[PDB]
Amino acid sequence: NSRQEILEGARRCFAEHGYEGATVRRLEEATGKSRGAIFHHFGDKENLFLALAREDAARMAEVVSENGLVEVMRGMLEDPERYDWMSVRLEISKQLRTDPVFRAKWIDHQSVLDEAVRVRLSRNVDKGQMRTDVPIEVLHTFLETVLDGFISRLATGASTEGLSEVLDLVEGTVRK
């Protein structure tokens, strides 16, 4: 409960203020919980952020298991209210490249999504639905690159125009 309350409020706070602007005082205000309770549950601000990213990964992993990364992207188009949170995620990009400890933690906190993508694509291969003239890992990297592009695009304020059709094309490309 307390943990949940902290996560729901923290997501709002980060989205509203950005990473640096999500001060401890603002996190208190957004959660109704003390700094002592927040850090008791999460240790530090970065771990709190990582918990949120892991929540994202779990949710995305579920959708992937149903209908792939393309369906995650379709959901992005349905959810414009989430763009502010997507922007916060993007702010940690440089740290991801330069801080080995944080990097490893970020990767670990995405592990459920990464595996789900792999399982999905395996299932698709088993069913003979993917093209076989291109290795499955090239197809994998292609889908991940489109996903990163979608996130960037939307977060930076590009319109929705033609994106559903772009997703149709993306799906068509990896199929037989």
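From 1 onward, residues are counted along the sequence shown.
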query: Selected stretch [higher average CA B-factor]: 97 to 105 or 78 to 86; finding: 97 to 105
query: Mean C-alpha temperature factor, higher of 158 to 166 and 5 to 13; finding: 158 to 166
query: Peak C-alpha temperature factor (PDB record), options 63, 139, 38, 151; finding: 38
query: Out of 56, 126, 115, 44, residue topping the C-alpha B-factor column of the entry; finding: 44
query: Modelled-residue ranking by C-alpha temperature factor, third containing residue 122; finding: lowest
query: Lowest, middle or highest third - CA B-factor, residue 48; finding: middle
query: Third of chain Cα B-factors occupied by residue 34; finding: highest
query: Third of the chain, ranked by Cα B-factor, where residue 67 sits; finding: lowest
query: Residue 130 CA temperature factor, ranked by third within the chain; finding: highest
